[PDB]
Amino acid sequence: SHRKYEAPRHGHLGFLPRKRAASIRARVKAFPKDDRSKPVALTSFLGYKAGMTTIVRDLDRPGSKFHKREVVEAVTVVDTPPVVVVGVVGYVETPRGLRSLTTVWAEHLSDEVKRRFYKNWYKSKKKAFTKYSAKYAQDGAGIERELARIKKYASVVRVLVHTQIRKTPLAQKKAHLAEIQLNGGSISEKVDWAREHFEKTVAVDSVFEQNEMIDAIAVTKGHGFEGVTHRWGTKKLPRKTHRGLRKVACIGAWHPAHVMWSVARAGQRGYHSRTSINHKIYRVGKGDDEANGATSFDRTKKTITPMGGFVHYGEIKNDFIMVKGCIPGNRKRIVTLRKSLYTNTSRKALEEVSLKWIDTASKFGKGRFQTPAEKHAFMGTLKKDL
Amino acid sequence: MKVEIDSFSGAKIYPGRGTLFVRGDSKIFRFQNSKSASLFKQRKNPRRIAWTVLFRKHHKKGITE
Amino acid sequence: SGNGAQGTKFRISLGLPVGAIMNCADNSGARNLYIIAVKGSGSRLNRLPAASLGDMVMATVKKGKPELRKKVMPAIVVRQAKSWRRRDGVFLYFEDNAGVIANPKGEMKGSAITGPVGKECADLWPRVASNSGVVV
RNA sequence: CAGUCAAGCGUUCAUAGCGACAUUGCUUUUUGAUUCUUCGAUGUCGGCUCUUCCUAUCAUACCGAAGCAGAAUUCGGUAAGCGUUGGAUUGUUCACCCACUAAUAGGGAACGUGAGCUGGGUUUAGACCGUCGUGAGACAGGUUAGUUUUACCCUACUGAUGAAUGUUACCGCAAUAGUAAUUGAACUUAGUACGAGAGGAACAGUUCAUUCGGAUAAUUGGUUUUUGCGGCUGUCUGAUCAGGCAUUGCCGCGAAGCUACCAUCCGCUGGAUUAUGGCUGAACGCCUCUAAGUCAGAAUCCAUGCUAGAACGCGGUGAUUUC
RNA sequence: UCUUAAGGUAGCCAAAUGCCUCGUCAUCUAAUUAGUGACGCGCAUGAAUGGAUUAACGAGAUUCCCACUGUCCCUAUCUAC
RNA sequence: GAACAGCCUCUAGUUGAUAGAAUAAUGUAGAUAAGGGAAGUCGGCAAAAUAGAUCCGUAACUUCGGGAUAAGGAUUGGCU
């Protein structure tokens, strides 16, 4: 017999299986289509999710009730110290997909990135890329020839980079190393761009510009085993039900004599690789200057970390990025910022955003002051002050 | 952007933070947070709550500004 | 809601589901309005049609003038009492939820409004804004 | 439920829409007919919950026809991608109103779904009534009260480990499988086209909203064993200070975490096509969208994108154990 | 007048008794197969197989209202085991 | 305290219920929830609300005994 009353199915079937992601760092499944007219540029960056704040901006859109009016928006602050380029890999296209031809690396590898290749680094001889560096120190004994191979073949070249998490305030000390595709010029231009950038750092101000809709790729916050009621949002069973009410009542008809793949079941919630799109860049801030949170309307000497530090993260002494809204993953998590795979207009991507005031009150409670100067100016003299 | 004042605690209300309450007499009361809002709604006197700006002013403590 | 809509309204937290008695804030003679439907409301299984500030509901008068009782008339919500946030960023509420009787066109049956009137309702219905005393 | 014929209705006019007398079918969502299976038992109405499927399409996309001027509508095609509600009365399926709505289409899945629930009804035993019976008792007549058991096994499903291709580590590829967005209103076009008037559009452009989905906790709200701070009662520690106990003693506030369309953010652009409208053009010296060839074209399909990554699919790269 | 003697009187009623039936009218609701008040050729009410009424009482059955609420919109969080 | 109520103590008696670690889902037993307030459901089932004492006020109906704590209001500590 048919469903007595229609209702949409609970949950998106296109996000299955709701299992734990294979790694804490989410990879970029797809990179932007390459051009040749455009110059060689990285198409992604790696940063760390620090926390969220609030901003006030003078919204302008011709036809809304809030035209030329102040709006309060949640923003996510991503701590993004410059990533170090160490290596490049060429991919040749084959009738079975892209296949990696070879990976050329850099003469000297930082101990932070070299720590990635170990699971017990302290109790090791640190023998890592030693023979590779021995192959180095000569002109092209095994380096220029491999780069020539990558130029002659390998329709796709991706630069291997790693994060500067000694600069980041985490307890990690193990650099996240990933691949960023280069999407400009020819293969020769991409390869010698990588070679020239070997052992060198690149900052976000080169990759991402202000007022840019980028994509965020991250592993969402994990929550362990969850029941169907919170994992899929199915309706709670009535109060008077033997054997529990946080269940799905009927998990299938008699025939087919199996539980279908589309019935809601309990299992792992969260910790999934997700790529969300169209997140606007609100500010590309630099740590190598004070007054990160100073706007042309505030003009107050003030960094971006709130009073008491970002909760569970700390300080943003590096470069950083203000993404509007929320992004997948929790704080302290490595996120990947990616260029958009299409050029949207929407009268929303080409909206010129200029912040008026960004909140730095303490997120560790109901914060009242933005600066300790403001706190002192309000309270006055305290007994702790002599 | 202009900053509001708590109608109970006299605190500095920055945008988005706090709450607004409109009485039947159309008297707008702005609260910095749930503490001030709840103490107001249980009809407590700011003049008699020790940490409020009104109490501070009434007991003359910290008037050098 | 629908043809007689002067402008658009941002989403406001739904605080007045079907079955809510809200005060009557006009001089039409009704004392309260019983919400029985919400104009423009969506359709979901086991989900009550709920109202917010400034949208037209279809209501009945349970207390008030006999000639206003026992019939079904359009009404408009002018105070919500369920705290909603504006794009400004502030969360505000009134101490009671109240509405006024109107015809389907948006013309108010009563002649005056007692108490404050929400800005969104005022901007949607100029007649309510005209007869209202204070708009917040 | 659908055809065929066409007396006739339709101001004239069989087929715009319909169509009598007849006749051909399909369906198994009615109910019969049967008695093949089950009486060393297949839990037996409805509702709730949830998934999927069908199309005989209610709405949404694009179209053809009209007794289509416009608006509204009616008939039909490709179409099941996407949705199809909130309530009063009833145990009810079915009904029937009140409304919202773009719409409130019809169905299947052991008349889906009771080791999922409930137990209102039916259909044990108690009891009342009416009629029937001399009586015990009967009554798809009414009424009231009436125990709803077991999963730890196998499989399926949801998640989670994992032996073994020298070892170990890092970065990847992508077969295959899944896939997702949806609908409305307002401004403007425009009081314009159209129309004697009454009335009254649409494409493009903006602003929101509905349903759905995936995240997130800046803010607001919720939660309080932070037993964090304060207050309070009774008692106990000789009094004070500090505390114990009252199964978290109670109250106010309460960070953090978790979390709410109760809060915020985000939800892509290319190609092939279906109907259908055409080009050239025979068949058939004329014609003809079709026969050869071909142009456009739908919420369709396949890609782009998104999810997993084959634990017997794979690549590249680092290190590779000697007194 | 006939049948078996009498032919349903006071009352009461779609009642725990009415098939038709979700009876008809009024009221209660936005909407009522529910409730109440009426009506009564009443399948098949009715006088100690007791009729009608009835204050008080009731872990009896039913309807509405006020209060209250996570029953629900629509879920979330916390504690012990 | 009205109280061989509940709650805390004295004398007396026990400290006996397989334990350790962790804090997932679903449970069992307790709770709390913005706005609405029965829209849930066969049905307000379950829960909440009320609650002691003093003072005030108390309707229909009635077998004059009741109904009645009807309904409905206010107060409540400490100290001198």
Side-chain angles (χ1 to χ4, degrees), chain A residues 1-2 6 8-9 12-17 19 29-30 52-54 62-64 72 74-75 97 99-103 116-119 127-129 132 160 177 179 220 224-227 234-244 246-255 258-268 273-279 324-328 341-342 359 363-365, chain B residues 16-17 19 35 38, chain C residues 1-2 5 7-11 13 15-20 36-45 47-50 58 60 72 81-83 85 89 91:
Chain A
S1 212
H2 62 278
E6 301 281 3
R9 76 150 284 115
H12 199 296
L13 281 188
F15 285 99
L16 314 175
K19 64 187 292 313
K29 307 285 192 59
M52 320 195 41
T53 37
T54 312
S64 154
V72 149
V75 303
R99 178 183 77 86
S100 149
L101 192 62
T102 172
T103 318
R116 156 79 25 189
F117 311 125
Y118 287 94
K119 266 157 185 193
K127 294 225 51 172
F129 284 84
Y132 192 84
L160 292 135
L177 113 104
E179 281 180 18
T220 59
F225 219 74
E226 200 43 69
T234 64
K235 189 132 285 204
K236 280 159 49 77
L237 301 186
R239 201 261 319 160
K240 39 186 301 188
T241 160
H242 199 214
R243 289 175 288 230
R246 296 187 60 83
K247 307 166 123 164
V248 156
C250 179
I251 72 166
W254 192 320
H255 279 104
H258 309 97
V259 188
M260 311 257 305
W261 62 292
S262 42
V263 173
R265 315 287 261 141
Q268 165 87 23
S273 166
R274 292 277 183 279
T275 100
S276 45
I277 72 164
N278 302 340
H279 292 312
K324 181 216 177 343
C326 33
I327 58 154
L341 317 177
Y342 74 117
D359 193 5
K363 301 296 133 46
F364 198 51
Chain B
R17 312 217 46 141
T19 326
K35 162 152 101 181
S38 160
Chain C
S1 162
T8 58
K9 169 173 76 117
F10 288 93
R11 214 245 177 209
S13 290
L16 283 175
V18 149
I36 80 195
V38 179
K39 288 238 64 152
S41 65
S43 172
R44 211 270 185 266
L45 186 59
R47 169 179 302 196
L48 291 178
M58 276 279 314
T60 54
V72 190
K82 177 36 194 163
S83 78
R85 97 174 266 268
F91 278 87

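Because only heavy atoms are used, hydrogens play no part in the values below, and waters and symmetry mates are left out as well, while side chains stay in. Letters A, B, ... mirror the listed sequences (proteins, then strands); counts begin at 1.
- Applying the side chain to side chain contact (heavy atoms under 4.5 Å, CB included) criterion to A:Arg116, with sequence neighbours excluded, gives A:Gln172, A:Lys174, A:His176, A:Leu177.
- Taking the nucleotide of RNA chain E with the nearest heavy atom to each of C:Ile36 and C:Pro49, the more 5' of the two is matched to C:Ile36.
- Below the 3.5 angstrom threshold, one finds a donor paired with an acceptor across the side chain of A:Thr54 and the base of D:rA218.
- Closest to the C:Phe10 side chain, of the nucleotides D:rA209, D:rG178, D:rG107, is D:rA209.
- On the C1' atoms, D:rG267 is 15 Å away from D:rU307, given to the nearest whole Å.
- A minor-groove position characterises C:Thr8, whose side chain places a heavy atom under 5.0 angstrom from a minor-groove base atom and none that near the major groove.
- Between A:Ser100 and the phosphate of D:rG316, there is no side-chain N or O to OP1/OP2 separation shorter than 4.0 Å.
- Scored by the side chain to side chain contact (heavy atoms under 4.5 Å, CB included) test, A:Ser276 finds A:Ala216, A:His279, A:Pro328 as partners (sequence neighbours excluded).
- Side chain of A:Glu179, nearest nucleotide from D:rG172, D:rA218, D:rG315: D:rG172.
- Under the 3.5 Å distance criterion, the side-chain polar atoms of C:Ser41 are matched with a main-chain donor or acceptor of C:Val38.
- Formation of a donor-acceptor pair under 3.5 Å by the A:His12 side chain with backbone atoms of A:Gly14 is found in this model.
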| remark: In 5'-to-3' order, the base (B), backbone-only (S) or no-contact (-) status of each nucleotide in nucleotides 80-85 of chain D, using a 4.0 angstrom heavy-atom cut-off, is ---SBS
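- Residues C:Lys82 and A:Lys247 each lie close to RNA chain F; by heavy-atom proximity, the contact nearer the 5' end of the strand is made by A:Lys247.
- Counting only distance, with no hydrogens or angles, the side chain of A:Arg9 and the backbone of A:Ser262 share a donor-acceptor pair below 3.5 Å.
- Comparing the same atom, P, in D:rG213 and in D:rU84 gives a spacing of 11 Å after rounding to whole Å.
- The phosphate of E:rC73 (OP1 or OP2) has a side-chain N or O of A:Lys235 nearer than 4.0 angstrom.
- With RNA chain F read from its 5' end, the first of the two nearest nucleotides for A:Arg243 and C:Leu48 is the one closest to A:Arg243.
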